[PDB]
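Enquirer: can you look at this? It's an experimental structure, sequence on top.
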Amino acid sequence: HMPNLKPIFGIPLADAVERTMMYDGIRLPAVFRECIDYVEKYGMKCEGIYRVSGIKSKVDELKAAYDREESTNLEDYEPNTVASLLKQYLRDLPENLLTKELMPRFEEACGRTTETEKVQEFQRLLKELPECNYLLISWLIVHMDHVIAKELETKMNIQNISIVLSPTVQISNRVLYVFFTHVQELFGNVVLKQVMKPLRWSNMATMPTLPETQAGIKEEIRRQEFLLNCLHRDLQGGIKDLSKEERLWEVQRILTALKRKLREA
């Protein structure tokens, strides 16, 4: 029969999206957000950010865990590791972000005599792209742009990211440099929406393992309630899945603790 039961590393974007839908299902895989989320929250002041090699021994476990639909607490892993898992994940995806179709035109648009001519070409390229690709290209480049500012503190430069991001989407070095530069020239309101992440807690038995900080609970509750109300509502669309339900009590149980501690801090 078909090899393996639902893979993850080596599928089209939508296929990955439908598999890894977390919040609203804004047409985007979870993996990408999970990795962008960690870097945005914790991996912002990391030297070697996206530059150092991730521990392949951890990465191969992660890709396995995702492919097996398991629990991956990236908040306990190294930034280089998740970043390496991410860039690999993007590689494994058959359809490029810019596809085979538009990809060769990025070389063209990079060799434009004027910054305006470049962005215009990239503009038409990105429009050809599917919705999922459009959003993927937005976040990947915009998030890495903010990483360039972080490079300004982590003692790195656009060139460094460009070197390591080239093998990522399969496009020449100079195109990444121009990618960010033009990415805000094209977008700029593009926002890096972070996600509620699994805890190091096994979600039962214990209790004194939760964040005891007020601002910590405030932010998390906000993020979690949006996850909560949406998932609950999903079921009302004629959906009766035990897996969705299990996660429904899951979010509720955790938020219950948070709601208590909210007025407990």
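Expert: Thanks, I have the structure now. Numbers count the residues shown, from 1 in each chain.
Enquirer: show me which positions of the helix or strand harbouring residue 185 end up buried.
Expert: Per DSSP states H and E: residue 185 is located in helix 173-186. Buried residues in helix 173-186, counted by 16 or more other C-beta atoms under 10 Å: 173, 175-183, 185-186. Heads up, the C-betas are built off the backbone N, CA and C, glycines and all.
Enquirer: check stretch 244-263 too.
Expert: Buried residues in stretch 244-263, defined by neighbour count with 16+ other C-beta under 10 Å: 248, 251, 254-255, 257-258, 261.
Enquirer: could you measure the residue nearest to residue 13 when sequence neighbours are not counted against residue 11, distance?
Expert: Once flanking residues are discounted, residue 13 sits nearest to residue 132: 4.0 Å by C-beta to C-beta, 6 or more residues apart in numbering. Here the criterion is C-beta to C-beta, to the nearest Å. By it, residue 132 lies 12 Å from residue 11.
Enquirer: alpha carbons only: can I get the top helix by length along the chain in CSV?
Expert: Longest helix in the chain by number of residues (criterion: DSSP state H): helix 131-153. Taking C-alpha atoms only, helix 131-153 is exported to CSV below (Å, rounded to 0.1, in the frame of the first residue of the first chain):
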residue,chain,number,x,y,z
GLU,A,131,-2.1,31.9,-1.3
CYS,A,132,0.0,29.6,1.0
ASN,A,133,3.2,30.5,-0.9
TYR,A,134,2.3,34.2,-0.7
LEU,A,135,2.0,34.0,3.1
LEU,A,136,5.0,31.7,3.5
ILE,A,137,7.2,34.0,1.4
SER,A,138,5.9,37.0,3.4
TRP,A,139,6.7,35.6,6.9
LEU,A,140,10.0,33.8,6.0
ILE,A,141,11.5,36.9,4.5
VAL,A,142,10.0,39.5,6.8
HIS,A,143,10.8,37.5,9.9
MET,A,144,14.4,37.0,8.8
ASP,A,145,14.5,40.8,8.1
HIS,A,146,13.8,41.4,11.7
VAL,A,147,16.6,38.9,12.3
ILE,A,148,18.9,41.2,10.4
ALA,A,149,18.3,43.9,13.0
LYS,A,150,19.0,41.1,15.6
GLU,A,151,22.2,40.5,13.6
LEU,A,152,23.0,44.1,14.3
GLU,A,153,23.1,43.2,18.0
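Enquirer: sec struct for residue 264, please.
Expert: Using DSSP: H, G, I helix; E, B strand; the rest coil, the structure places residue 264 in coil.
Enquirer: quick check on it: phi, psi?
Expert: Phi and psi for residue 264, reported as degrees, to the nearest 10, are phi -110, psi -10.
Enquirer: and it, how far from residue 228?
Expert: Relative to residue 228, and taking C-beta to C-beta, residue 264 is found at 19 Å.
Enquirer: between the two, which one's more packed in?
Expert: Remark: of residue 264 and residue 228, residue 228 carries more neighbours, 19 against 12, as counted by other C-beta atoms under 10 Å.
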